[PDB]
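A.B. asks: pasting an experimental structure with its sequence.
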Amino acid sequence: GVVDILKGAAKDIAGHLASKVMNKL
């Protein structure tokens, strides 16, 4: 499930990222 973890892993990073924007609105 490597490929499955590789993609799902990016979700953890974009987590604190996609927050920056959401933090504005």
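C.D. replies: In hand now; what should we look at? Residues are numbered from 1 along each chain as shown.

A.B. asks: what segments of the chain are helices?
C.D. replies: Counting by DSSP state H, the chain has helices at residues 2-24.

A.B. asks: how near is residue 14 to residue 3?
C.D. replies: Going from residue 14 to residue 3 by CB to CB, to the nearest Å gives 17 Å. C-betas here are computed from N, CA, C, even on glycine.

A.B. asks: can you tell me how far residue 24 is from residue 16?
C.D. replies: 14 Å.

A.B. asks: likewise for residue 3?
C.D. replies: Distance from residue 3 to residue 16, counting by CB to CB: 23 Å.
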